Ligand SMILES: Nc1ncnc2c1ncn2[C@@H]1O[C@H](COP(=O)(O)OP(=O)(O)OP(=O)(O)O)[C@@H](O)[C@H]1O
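Only one chain is given next, in C-alpha cells, and it is the form deposited without adenosine-5'-triphosphate.
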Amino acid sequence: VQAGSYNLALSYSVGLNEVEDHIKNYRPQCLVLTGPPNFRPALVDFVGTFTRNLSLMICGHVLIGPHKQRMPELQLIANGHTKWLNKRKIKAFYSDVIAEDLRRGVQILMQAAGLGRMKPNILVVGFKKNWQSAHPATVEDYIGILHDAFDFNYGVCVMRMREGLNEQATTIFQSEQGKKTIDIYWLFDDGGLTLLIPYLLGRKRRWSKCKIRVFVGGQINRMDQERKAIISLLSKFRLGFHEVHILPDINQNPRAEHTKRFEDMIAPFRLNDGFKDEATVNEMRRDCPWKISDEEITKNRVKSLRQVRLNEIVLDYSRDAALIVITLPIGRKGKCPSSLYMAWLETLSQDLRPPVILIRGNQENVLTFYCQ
C-alpha cells in the first residue's frame, strides 16, 4: 500500500507544477520553528488549527552536532518525531537540519524546504521569553532570523504566550474558546495576512462562536466616516467580521510611568554613543552589534513611544479576549539593533493574559474582493 500512496503523492505533486498561483487560491504555507515538536506543542497546535486540511505545515528542527554522530540519531529520531506528530493528529511534515547555529539552520530550511509549489511562505516562530537573561548574542541571532525571513518574502508570525513554550501535553488551543472575542489590531496594512489568519481560525469548529472585533486607527474628527469605510472594506472581503473600532488616541504620549518602564527595560543594552558619528560608532560595535547607541534612540523616540501607547490601548480592550492579533512592526536593517527590535516586540505584547500573535505579511495582497 506504500507504493500506491507514494505514486499518488508524486503524481499529484508533479501535476501541481503546471497550476499557476492565483491570489484567490493563496494559502498560508507555514514553516513553524518548533525544534523538538514535543517540547513546544502549543505552537504546533495553533498552526495546525488553521492549517488542518487547508495548507502545508512543516516543522523545523536544527541540530547542533557533526553529521556522523547525528546521521544514525537523525534517521532513528526523525521517524519518532513524525510518529509523535501523527499520534497528535497533525498533518505536518517534520524536517530537521544540522548547523553550527540555529540561524544558519533556519536559513537553510527556509531556502530549501519544500517540493515545488508546496514550499512555506510564512515563518511561525515562538517568542523568546528569556531574551533579557539570555546572552545578547542569542537575541541578536533571533532578530537576525526574523530579518532573514523578511529577506525571503517570508511572512513572519511571532507567537507570545504567558505560560511559555514548553501522553502528549494538552494546550489551551485544543479546547474551545466559545463566545470570547478575537481582537485584531490591523494598525498597518500588511496585505491582509493579519486578517486571513484569524478568519481561518474562526472557520474551525473551536473558533466558530468567537465574535471577531477589528481595531483600526483613525482621527477623532472623522471617527464615524472612518468607521464605515473600514466596515466596508471588510464587507468587500466578505470575511464575516462583526465590529470595527477606531482609536484616535494612539499618537498621544504614553503614560509617564509606563514610558520609563520601556527605557529601563533597554537600559542594559544602551551603548551610550549619542555624540559620535556613525563612522565613529562601528568600532565599539564589532564585538557588540546588539548595543544601542544613543543616536539611534533619538530617531526612534516616536516609534518606541508609539509601541508603548499601543500596549496601553490593547491592555484596556482585549483584557478578556480569546485571542489577540497585532501587526508586527517592521524594523529597518542597519538602523534597528536587535535590542531595540526585541524591546518593541516585548513592549507590544506584555502585562496582559496573552494568547497574542504578532503577525505581519510580506506587503503582498492575500485577500481579494475582485474576481479575475
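Position 1 is the first residue in the sequence shown; the rest follow in order. Each form is matched to the other, and the largest set of C-alpha atoms that superpose within 1.5 Å is called the rigid core.
The entry shows a gap from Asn166 to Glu167, with 10 or more unmodelled residues of the deposited sequence in between.
A second form of this protein, the form solved in complex with adenosine-5'-triphosphate, is not displayed here; the remarks below concern that form.
Taken together, the three residues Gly35, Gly60 and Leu102 all come within 4.5 Å of adenosine-5'-triphosphate in the entry with it bound, as judged by their closest heavy atom. At the 4.5 Å threshold, heavy atoms of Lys291 stay clear of adenosine-5'-triphosphate in the entry with it bound, well away from it.
Remark: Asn221 does not count among the residues lining adenosine-5'-triphosphate in the entry with it bound, judged by a heavy atom distance of 4.5 Å or less. adenosine-5'-triphosphate is not shown here, and in the entry with it bound it never comes within 4.5 Å of any heavy atom of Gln75.
Under a 4.5 angstroms non-hydrogen atom cutoff, adenosine-5'-triphosphate in the entry with it bound lacks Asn272 among its neighbouring residues. Shown without its partner, this chain lists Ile98, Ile246, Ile266, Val125 as candidates; in the entry with it bound, only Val125 has a non-hydrogen atom within 4.5 angstroms of adenosine-5'-triphosphate.
Screening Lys260, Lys180, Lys119, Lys129 for any heavy atom within 4.5 Å of adenosine-5'-triphosphate in the entry with it bound leaves a single hit, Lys129. Residue heavy atoms within 4.5 Å of adenosine-5'-triphosphate in the entry with it bound occur in exactly one stretch of 316 to 324, 338 to 346, 37 to 45, 300 to 308, and that stretch is 37 to 45. Residues are counted as partner-facing when one of their heavy atoms sits within 4.5 Å of adenosine-5'-triphosphate in the entry with it bound; in 162 to 186 these are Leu165, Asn166, in sequence order. Among the candidates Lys303, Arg52, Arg27, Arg70, the CA atom that moves 2 angstroms or more between this form and the one not shown after core superposition belongs to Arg70 alone.
Annotation for the pair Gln69/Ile58: C-alpha atoms approach each other in the entry with it bound, by 3 Å or more compared with this form.
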